[PDB]
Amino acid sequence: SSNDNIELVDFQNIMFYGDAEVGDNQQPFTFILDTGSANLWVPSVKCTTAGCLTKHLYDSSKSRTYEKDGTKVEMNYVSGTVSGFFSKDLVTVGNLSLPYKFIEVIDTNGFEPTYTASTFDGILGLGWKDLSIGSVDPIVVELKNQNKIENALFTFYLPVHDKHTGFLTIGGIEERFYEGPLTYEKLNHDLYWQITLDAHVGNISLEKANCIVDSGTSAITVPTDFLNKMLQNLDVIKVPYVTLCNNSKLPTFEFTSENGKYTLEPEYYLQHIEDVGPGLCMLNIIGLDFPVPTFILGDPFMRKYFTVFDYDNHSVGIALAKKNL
């Protein structure tokens, strides 16, 4: 394996984690791998919030390579905020290492209940520089400049609950992860991994909508209006959205470009909740409005499609993920 492969484990089909280390002594941590952010952060041994008591903590005094910074910083996510200060130390991802600037988190009380209720210790961003705090070059970009990897790209072969684990691969594209054609879509912005695609679900359509491929989002988000029409005569209620898993009215999402066609059948966005009711399924779709028509192709899409995030070529490559390796 000339590339750097990091095994991924699924967490209740809503999150997936990967491990990496910080410090010369390889202190272990479990990370959310987020293409939607650009900073790396780990909780400090100096973090004294209740959430931190159950986590793997980072102790800079145990690492020779630790380079003090101390610049105050706070990072925000959908589920909250974490605060601390910048620090620099050796970061090891898979079989590659490099001195890297990250956020040493001191306070997580503004990131609850997500933090305490989840198994991850920190978050490792895989977005673009301009999207980070402190103007930190993306880790993969850094590795490329240090000539540690053949290409400034990484790929995601996501794990599938009760089926198989996944892999984050840095440096190269491995054909073993996908079948069918691998199609590239140019980014429309060098901030997020956002591309342009036409969308069609039923009779409802939307031309050249913005689509963000995001590993940190557990669902597929759709424009409010779009969702409403999509679920008008479909038998899908919602406790003040759930439906029968065998609902044959359920539509298939269709995303097309000049170079490719991607579809998301109900089997990919329906989550079983038998424990609540026989044959009952939850709709892993969310109504979310951005200033312009936008779809967040989150984990549901990525579980079906192997994805390539290319910094050098400013594009996202998409191909059908193999059901089994």
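All residue numbers are counted from 1 along the displayed sequence.
> If you average the CA temperature factors over each stretch, which comes out higher, 176 to 184 or 125 to 133?
The entry gives the higher C-alpha B-factor average to 125 to 133.
> Of 64 to 72 and 282 to 290, which one has the bigger average CA B-factor?
Higher of the two, by average CA B-factor, is 282 to 290.
> Whose C-alpha has the highest temperature factor in the PDB entry: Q194, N247, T92, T217?
Answer, based on the entry's C-alpha B-factors: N247.
> Considering only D162, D107, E104, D235, which residue's Cα atom bears the greatest B-factor as recorded?
Most elevated C-alpha B-factor of the set, per the entry: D235.
> Determine, from the deposited record, the chain-internal third of the Cα B-factor for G166: lowest, middle or highest.
Bottom third by C-alpha B-factor.
> Looking at the temperature factor on the CA atom of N228, which third of the chain's modelled residues does it land in?
Highest third of the chain for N228's C-alpha B-factor.
> For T155, does the deposited CA B-factor place it in the lowest, middle or highest third of the chain?
Tercile = lowest for this residue's CA B-factor.
> Within this chain's modelled residues, let me know which third the CA B factor of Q271 belongs to: lowest, middle or highest.
It belongs to the highest third of the chain when residues are ordered by C-alpha B-factor.
> Classify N147 as lowest, middle or highest third according to the C-alpha B-factor given in the PDB entry, relative to its own chain.
Highest third of the chain for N147's C-alpha B-factor.
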